[PDB]
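First the proteins, then the strands, lettered A, B, ... as listed; each starts at 1. Heavy atoms only: backbone and side chains are in, while hydrogens, waters and symmetry mates are out.
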2 protein chains.
Amino acid sequence: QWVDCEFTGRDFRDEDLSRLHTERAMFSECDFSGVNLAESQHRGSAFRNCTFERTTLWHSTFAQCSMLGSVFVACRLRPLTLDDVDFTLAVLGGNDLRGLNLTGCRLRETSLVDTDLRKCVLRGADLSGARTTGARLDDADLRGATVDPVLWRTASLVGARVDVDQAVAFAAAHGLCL
Amino acid sequence: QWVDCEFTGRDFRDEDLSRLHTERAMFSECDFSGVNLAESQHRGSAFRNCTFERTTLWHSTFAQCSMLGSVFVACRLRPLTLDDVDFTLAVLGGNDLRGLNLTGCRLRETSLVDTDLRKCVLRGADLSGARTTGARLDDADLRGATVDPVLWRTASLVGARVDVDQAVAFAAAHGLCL
Ligand SMILES: [Cs+]
Ligand SMILES: [Cs+]
Ligand SMILES: [Cs+]
Ligand SMILES: [Cs+]
Ligand SMILES: [Cs+]
Ligand SMILES: [Cs+]
Ligand SMILES: [Cs+]
Ligand SMILES: [Cs+]
Ligand SMILES: [Cs+]
Ligand SMILES: [Cs+]
Ligand SMILES: [Cs+]
Ligand SMILES: [Cs+]
C-alpha cells in the first residue's frame with residue numbers, strides 16, 4: 001500500500017506491481033513501461049504525465065483518480081473498473097478500450113486517435129477538444145456526453161446511441177443547415 | 001380560353017399552345033409532346049396521366065391545379081409560378097427544377113429520380129413515398145416538408161435547410177440510434 005505520498009520522475013520499468021493498492025498517491029512523470037499492474041486498486045490517486053507503454057492494467061480499479069497528461073501506448077486496459085477518473089489531456093491513441101464503462105469521465109483534450117471505443121459506455125462523458133481521427137465509436141453509448149462537432153465527421157458511429165442534440169449536431173456536421 | 005370542359009385521350013402534339021388560359025379544364029391522358037405552352041395560365045385545371053415530353057411550360061402559372069400521374073420528360077419548367085399544385089404520382093425524373101418555389105406542394109409518390117431541385121423552396125411540401133434516387137436537393141429549403149427516411153440517404157443535401165426533426169431523421173438514416 002502506497003498511502004499519502006508522492007513519486008516524481010521515478011522509473012518503475014518492467015516491475016511486477018500487480019495487486020498494488022494506493023490511496024492518495026501522487027505520481028508525476030513516473031515511468032511505468034512494461035510494468036505489470038493487474039488487479040491493482042486506486043482511490044484518490046494521480047498519475048500525472050506518466051508514461052504507460054505496454055503497461056498491463058487489466059482487472060484494476062480506479063476511483064476518483066486522475067490520469068491527466070499520461071501517455072498510454074499499447075496497454076491492456078480491459079476489463080477495467082473506473083469511477084470518475086480524469087483523462088484530461090491524456091494520450092489514449094491506438095488503445096483497445098472496447099466495452100469499458102466511462103460514464104461521466106472527463107476526456108477533455110484527450111487524444112483518441114485510432115482508439116477502439118466500440119460499445120463503450122460514454123453517457124455524460126465530456127469529450128470537449130478530444131482528437132477523434134480514426135476513433136471507433138460503433139455501438140457506443142454517447143447520450144448526454146459533451147462532444148465537439150468534429151467528432152461527428154471523424155469517428156465511426158454505426159449504431160452509436162445518441163440524444164436529440166447530438167443527432168442534430170451530426171446533421172449539421174454533414175452539411176445540413178439548421 | 002378553355003373553360004369548364006374536358007379533354008380525354010386528345011393528341012396535342014407539337015402544337016403551339018402558348019398563352020393558353022384554362023379554367024377548370026380537365027385533361028385526361030392527353031398528349032402534349034413537343035407542345036409549346038409558354039406563358040400559359042391555369043387555375044383549377046387538371047392534367048391527369050398526361051404525357052409531357054419536351055413540352056415547354058416556362059413562364060407559366062398553375063394555381064390550384066392537379067398534375068396527378070402526369071409524366072414530364074425533358075421539359076422546360078423554369079421559371080414557373082405554382083400555387084398549390086398537386087404532383088401526386090407524377091413523374092418528374094431527370095428534369096431541371098432548380099430554384100422553383102414548391103411551398104406546400106404535394107409530391108406524394110412522385111418520382112424525383114435524378115431530378116435537379118437545387119435551391120428549390122419545399123417548405124411544408126409533402127414528399128411521402130417520393131422516389132429520390134439521384135435527386136439533387138443541395139441548398140434547397142425543406143423545413144416542415146414531410147419526407148421519408150429514405151430521402152436522407154438518397155438525395156444530395158449540401159446546405160439544404162431543415163428543421164430539428166429532419167436533422168434527427170437524417171442522423172438515424174445514417175446509422176445513429178436515437
Ligand atoms: Cs506484486
Ligand atoms: Cs496534488
Ligand atoms: Cs464503477
Ligand atoms: Cs464508469
Ligand atoms: Cs464545450
Ligand atoms: Cs482548451
Ligand atoms: Cs398561341
Ligand atoms: Cs373532375
Ligand atoms: Cs405563388
Ligand atoms: Cs409555390
Ligand atoms: Cs408520412
Ligand atoms: Cs402509398
Side-chain angles (χ1 to χ4, degrees), chain A residues 97-103 107 112 115-127 130 132-178, chain B residues 97-103 107 112 115-127 130 132-178:
Chain A
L97 283 31
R98 287 172 300 182
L100 299 180
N101 180 340
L102 290 168
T103 299
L107 289 141
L112 295 176
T115 306
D116 195 341
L117 295 113
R118 285 181 285 160
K119 290 181 162 162
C120 279
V121 172
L122 292 148
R123 296 181 73 101
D126 184 2
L127 281 71
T132 52
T133 268
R136 296 164 110 335
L137 280 167
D138 309 86
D139 298 305
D141 188 3
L142 316 175
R143 286 167 286 169
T146 279
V147 342
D148 298 331
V150 62
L151 189 148
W152 306 123
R153 354 181 263 271
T154 46
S156 40
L157 303 160
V158 188
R161 316 260 287 293
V162 307
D163 45 47
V164 167
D165 274 338
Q166 307 182 305
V168 160
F170 178 93
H174 291 79
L176 268 54
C177 288
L178 279 111
Chain B
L97 283 31
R98 287 172 300 182
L100 299 180
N101 180 340
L102 290 168
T103 299
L107 289 141
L112 295 176
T115 306
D116 195 341
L117 295 113
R118 285 181 285 160
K119 290 181 162 162
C120 279
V121 172
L122 292 148
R123 296 181 73 101
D126 184 2
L127 281 71
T132 52
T133 268
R136 296 164 110 335
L137 280 167
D138 309 86
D139 298 305
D141 188 3
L142 316 175
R143 286 167 286 169
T146 279
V147 342
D148 298 331
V150 62
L151 189 148
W152 306 123
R153 354 181 263 271
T154 46
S156 40
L157 303 160
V158 188
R161 316 260 287 293
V162 307
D163 45 47
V164 167
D165 274 338
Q166 307 182 305
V168 160
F170 178 93
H174 291 79
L176 268 54
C177 288
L178 279 111

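- Contact tally against chain B (heavy-atom pairs below 4.5 Å) for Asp139(A), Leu178(A), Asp165(A): the top residue is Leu178(A).
- Using cut-offs of 30° and 60° for the angle between ring planes, the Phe170(B) and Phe170(A) rings count as tilted.
- Considering CG of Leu176(B) and CD of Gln166(A), their distance stands at 8.5 Å, rounded to 0.5 Å.
- With respect to chain A, the highest number of heavy-atom pairs below 4.5 Å among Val162(B), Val168(B), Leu142(B), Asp138(B) belongs to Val162(B).
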